[PDB]
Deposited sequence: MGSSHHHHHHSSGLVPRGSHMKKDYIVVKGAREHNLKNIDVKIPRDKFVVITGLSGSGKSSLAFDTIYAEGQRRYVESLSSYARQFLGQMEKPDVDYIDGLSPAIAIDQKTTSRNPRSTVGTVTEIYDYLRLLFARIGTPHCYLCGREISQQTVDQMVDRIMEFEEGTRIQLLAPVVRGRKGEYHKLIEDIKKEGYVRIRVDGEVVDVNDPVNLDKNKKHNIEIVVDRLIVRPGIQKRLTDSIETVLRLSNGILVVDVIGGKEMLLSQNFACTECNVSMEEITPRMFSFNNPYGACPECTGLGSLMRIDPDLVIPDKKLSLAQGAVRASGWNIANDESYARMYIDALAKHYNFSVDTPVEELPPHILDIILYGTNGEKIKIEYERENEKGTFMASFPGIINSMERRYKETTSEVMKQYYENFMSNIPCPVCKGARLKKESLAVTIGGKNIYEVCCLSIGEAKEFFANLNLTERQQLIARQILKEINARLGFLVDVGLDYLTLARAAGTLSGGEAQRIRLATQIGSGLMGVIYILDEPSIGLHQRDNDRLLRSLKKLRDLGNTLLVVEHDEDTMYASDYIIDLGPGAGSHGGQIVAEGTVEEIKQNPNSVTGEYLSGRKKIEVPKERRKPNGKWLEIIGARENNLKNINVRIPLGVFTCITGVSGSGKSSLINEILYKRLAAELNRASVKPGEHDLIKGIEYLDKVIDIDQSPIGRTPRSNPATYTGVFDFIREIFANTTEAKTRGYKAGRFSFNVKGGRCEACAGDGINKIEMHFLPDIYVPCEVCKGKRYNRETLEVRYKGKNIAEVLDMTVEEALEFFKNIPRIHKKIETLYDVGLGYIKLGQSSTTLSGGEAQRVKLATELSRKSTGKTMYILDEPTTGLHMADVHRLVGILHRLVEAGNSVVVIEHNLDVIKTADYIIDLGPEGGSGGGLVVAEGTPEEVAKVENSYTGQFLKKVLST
């Protein structure tokens, strides 16, 4: 029917909830980090919709009614193939080659297959159409000397329209290519025989421009792209294809996108929906809520304290609902307050000389030390390059002795003012089931000593290393401390089940005999942080670490959770807590690349508090954030622009946000003037 009825969903931490999502409408799922929105969407609806279609050619839900095939558009990147480019992915190269073979004037007969690099007819004989000959320097990729990177035969390059061949057309940026195709002149016969192709090309280019990627080049390889750029390219391609009756699931479509493009992105999403589809956008932006037809709010907390549908309905009912977390922040009951007094530089600056990496226009920038510094700018302005490829790499090479090649820069002044450089990202903190937050924070070494300092341990002569599931002697011998066994089937992939010897306790019978304060090591490792905070009140050495973990918002997690199952936000919060627990020497540099990726308003407030605490501790924090709430609390803002692509790479404004708001020709300043 016209509803996606889900009854009896218990995936992950869902508390047996029932929902009725309307069909063919814009639906936004909102909740705190780890509340369960991501599980409820991806693991249930996307999984069921994909399985029910692939099986034609296993969620813990009871039954779902009215499920169309589901396509997931998330921030995922793959190496792909060298044959794939931006134009190939967007399916505009086919129309380009059709137009070239139809109305192309040469400078056998011209054929559409003659312009393709995926067929032997038009592919360059030397590089086989790849465009680059990868040779291992006595594998460094070098341009093909024959085709000069065009990846086509020399004969096919004679066909030109408007004075430009196919490679020159494909090398232009999307916006200027659309402008060139718009004002092109053709006779009556050419217009009659190439109306459909021109209309399709114009429509696809307009969709790509409206999405936000008006600076990309069609000749750029699809492999070398960011997550946001790839996701936006996929959204534009899906709009162009025009599939009907398909449920689309989006994970934070506004990630890595400036505030000025939000209206265009919302219009693009509405246009995609209007052709007979449904959207399940999982977004936390304030502007996105007001453009939706149905909001589903989970909570009220996270982990074991959430998973229930707190509120449902339109934005007005969400605001009027008192127990909804999202409505409290939307209505203005709780909000982030702009600081009254801002820190000032002490006279120590980091100046980068001759930064010309990628599209940077050989500029010099000064970064204050000891203050919270934010970097803004339009999409594709070169801020990410300028930070990651130059400053972080040079600092790592100078301090940590890391052998990573920096970008195209001359030198940097002020290296002696820092002692170490630390990068915090959503990368997982572990790849094996042998690490948990308890060991990463370092509190496990204290808990082991506390356990070994008991009367029974001294009586039995147990050492500090006995109570650890990583050495021989204390762990379970049957499962080798992993807690699971390997069972192989005849025609099925190997399955993993809990070990029968220890029942998943990870320790042998002898170890479990000891008990401190009525609990053994398994009970300690199988309790949440909010309980270990009260349990370890007497001991301050572990109390400090537990309180630090609780401060970053990890009061719902348990010390025994494997690092493999941790999400990006959990890993980032664990790293932040670990850095908080350390001893600040006043010479530490923290670099964060958009830390607000997938955080609610309350999580943003907590992260702002933690960042201010870290700055006040005596160190310096530099972040690249597009969120105005984080931006307005900064102490020094560097703006890059004034546009994206070849037009950008310069510096528009610098200084405190109050000074930046006074700059007329700056989008960030214009937005800051209104928000303040």
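Gaps without C-alpha coordinates occur at 1-22, 80-91, 142-279, 311-422, 961-962, with positions taken along the deposited sequence from 1.
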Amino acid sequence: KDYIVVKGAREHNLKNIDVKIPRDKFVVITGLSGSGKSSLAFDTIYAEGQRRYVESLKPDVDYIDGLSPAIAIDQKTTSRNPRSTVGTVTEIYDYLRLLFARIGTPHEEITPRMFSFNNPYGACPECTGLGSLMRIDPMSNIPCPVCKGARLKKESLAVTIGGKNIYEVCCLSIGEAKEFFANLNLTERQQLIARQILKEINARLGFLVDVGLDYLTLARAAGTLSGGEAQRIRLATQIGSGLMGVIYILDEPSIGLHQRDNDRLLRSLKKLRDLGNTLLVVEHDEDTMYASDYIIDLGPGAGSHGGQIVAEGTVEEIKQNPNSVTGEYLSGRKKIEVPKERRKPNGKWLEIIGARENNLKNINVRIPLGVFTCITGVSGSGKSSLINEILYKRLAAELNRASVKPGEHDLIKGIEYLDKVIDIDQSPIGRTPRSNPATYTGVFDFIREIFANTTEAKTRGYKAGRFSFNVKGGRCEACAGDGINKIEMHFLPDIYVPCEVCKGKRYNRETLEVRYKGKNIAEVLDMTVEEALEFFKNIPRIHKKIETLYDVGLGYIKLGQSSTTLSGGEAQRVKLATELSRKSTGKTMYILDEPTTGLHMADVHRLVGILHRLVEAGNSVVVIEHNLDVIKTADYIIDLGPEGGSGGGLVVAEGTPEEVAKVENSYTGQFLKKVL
From here on, numbers count along this sequence of modelled residues.
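Note: missing coordinates for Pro138 occur in a third or more of the other compared entries bracketing this position. Modelled in this chain, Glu108 is nonetheless absent from a third or more of the other compared entries whose models extend past it on both sides.
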